[PDB]
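J.: Here you go, one structure.
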Amino acid sequence: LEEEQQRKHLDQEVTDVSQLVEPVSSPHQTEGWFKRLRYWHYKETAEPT
Amino acid sequence: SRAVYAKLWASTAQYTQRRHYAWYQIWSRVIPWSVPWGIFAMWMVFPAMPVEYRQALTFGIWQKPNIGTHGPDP
Ligand SMILES: CCCCCCCCCCCCCCCCCC(=O)OC[C@H](COP(=O)([O-])OCC(O)COP(=O)([O-])OC[C@@H](COC(=O)CCCCCCCCCCCCCCCCC)OC(=O)CCCCCCCCCCCCCCCCC)OC(=O)CCCCCCCCCCCCCCCCC
Ligand SMILES: CCCCCCCCCCCCCCCCCC(=O)OC[C@H](COP(=O)([O-])OCC(O)COP(=O)([O-])OC[C@@H](COC(=O)CCCCCCCCCCCCCCCCC)OC(=O)CCCCCCCCCCCCCCCCC)OC(=O)CCCCCCCCCCCCCCCCC
Ligand SMILES: CCCCCCCCCCCCCCCCCC(=O)OC[C@H](COP(=O)([O-])OCC[N+](C)(C)C)OC(=O)CCCCCCCCCCCCCCCCC
């Protein structure tokens, strides 16, 4: 149902790079010495009991 | 019951310890192979050592072979 009731950003016109929608997720996530890449999603560290 | 499910969940909490135990077992089975190969290492490298060290390491049993050449000069 939602696919035929929502609006979509790609159905609408923009002309300049400054008008592109802004990401929802924050830039400020990963930290530490000599870490170039500052953004990740998934990890496989194990769960507790 | 919560209690029983908790016990069943917790049964495997100590995975890493069991894996260390496995390390111990397999290394105990494996490590005696060092004796054959150690003897052969020493076998090959014995004639490279100084004559004195050959005499010492064999508690004086080993001595220069006697082939009837290079005897003393009066
Ligand atoms: C007998 C004589 C004896 C003499 C004794 C003299 C001793 C002098 C010792 C000097 C020591 C200086 C360093 C002090 C560190 C203090 C750390 C601290 O307090 O931590 C607290 C605290 C620790 O908590 P934490 O939880 O770790 O938080 C920090 C984060 O983890 C951090 O992560 P983050 O995510 O928050 O940040 C982003 C992250 C990640 O950032 C990035 O990845 C960005 C990278 C961008 C790179 C872009 C490069 C582009 C250009 C390339 C050009 C081409 C070059 C190659 C080609 C060239 C040709 C060859 O940034 C970094 O990783 C920063 C790295 C900085 C490296 C600085 C290295 C300094 C070396 C000094 C020399 C030491 C000796 C050398 C060896 C000697 C021989 C063994 O850290 C902080 O609060 C941050 C402090 C950061 C300080 C950095 C700046 C230090 C400036 C020091 C100036 C010293 C001047 C010396 C002059 C000497 C004159 C004689
Ligand atoms: C009898 C009845 C008949 C029975 C028949 C039963 C059937 C079996 C047969 C038995 C009968 C006898 C048969 C004879 C067999 C022996 C002869 C023999 O085998 O000679 C071979 C013979 C080798 O001659 P050789 O090499 O000139 O011999 C020179 C000697 O080895 C001289 O060399 P060396 O002196 O330089 O040797 C060095 C040696 C020197 O050895 C000694 O001097 C040892 C002395 C031994 C003493 C004996 C003790 C036992 C007796 C004690 C008595 C107990 C008394 C109680 C009982 C009675 C009273 C109750 O030292 C070592 O090896 C190293 C030392 C030990 C290493 C381990 C580390 C221990 C460290 C010690 C720690 C403690 C602390 C020390 C630190 C000091 C500070 C505290 O063969 C040849 O000459 C070569 C033949 C050519 C064939 C080439 C092979 C084929 C190659 C082609 C391959 C290319 C094709 C491609 C591959 C093809 C693949 C298929
Ligand atoms: C994993 C091991 C792989 C081993 C591969 C090695 C194969 C090649 C071995 C070459 C040895 C050469 C030794 C250099 C010294 C000169 C030798 C020489 O001729 O000297 C004169 C001597 C005789 O001396 P001389 O009479 O000419 O006068 C000099 C007198 N001395 C020696 C006292 C200074 O000749 C020999 O005795 C021949 C040398 C025998 C040594 C053989 C060594 C074999 C090495 C294998 C051991 C491997 C153990 C495992 C190690 C692994 C560790 C991770």
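So the sequence lines, in the order shown, correspond to chains A and B.
The numbering of the first sequence is the UniProt record's numbering, which starts it at 196 and goes up by one.
The numbering of the second sequence is the UniProt record's numbering, which starts it at 2 and goes up by one.
C-beta atoms are modelled at their ideal positions from N, C-alpha and C, and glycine is treated no differently.
(1) Just checking my contact of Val46 (chain B) with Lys65 (chain B) at CB under 8 Å: how many whole Å lie between their CB atoms?
(2) With a Cβ-Cβ cutoff of 8 Å, do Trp63 (chain B) and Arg55 (chain B) count as a contact?
(3) What does the alpha-carbon distance come out to for the pair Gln214 (chain A) and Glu208 (chain A)?
(4) For ligand 1, any of its heavy atoms closer than 7 Å to the Cβ of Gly227 (chain A)?
(5) Taking 7 Å as the cut-off, does the CB of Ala42 (chain B) come closer than this to any heavy atom belonging to ligand 3?
(6) Can you give the Cα-Cα distance for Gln15 (chain B) and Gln26 (chain B), rounded to whole angstroms?
(7) Rounding to the nearest angstrom, what Cα-Cα distance links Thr244 (chain A) and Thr225 (chain A) in this structure?
(8) Note the first and the last residue of the continuous alpha helix (DSSP H) segment covering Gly61 (chain B).
(9) Sorted by chain position, which residues of the same chain lie with C-beta nearer than 8 Å to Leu58 (chain B)'s C-beta, five sequence neighbours on each side aside?
T.: According to the structure shown:
(1) About 18 Å separates the beta carbon of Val46 (chain B) from that of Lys65 (chain B), a gap too long to meet the 8 Å contact definition.
(2) In contact: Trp63 (chain B) and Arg55 (chain B) (Cβ atoms closer than 8 Å).
(3) For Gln214 (chain A) and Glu208 (chain A), the distance between alpha carbons rounds to 10 Å.
(4) Yes, since a heavy atom of ligand 1 falls inside the 7 Å radius drawn around the Cβ of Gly227 (chain A).
(5) True, at least one ligand heavy atom lies under 7 Å from that Cβ.
(6) About 17 Å.
(7) C-alpha separation (whole angstroms): 26 Å.
(8) No alpha helix (DSSP H) holds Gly61 (chain B); DSSP gives it neither H nor E.
(9) So the qualifying residues of the chain are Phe47, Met50.
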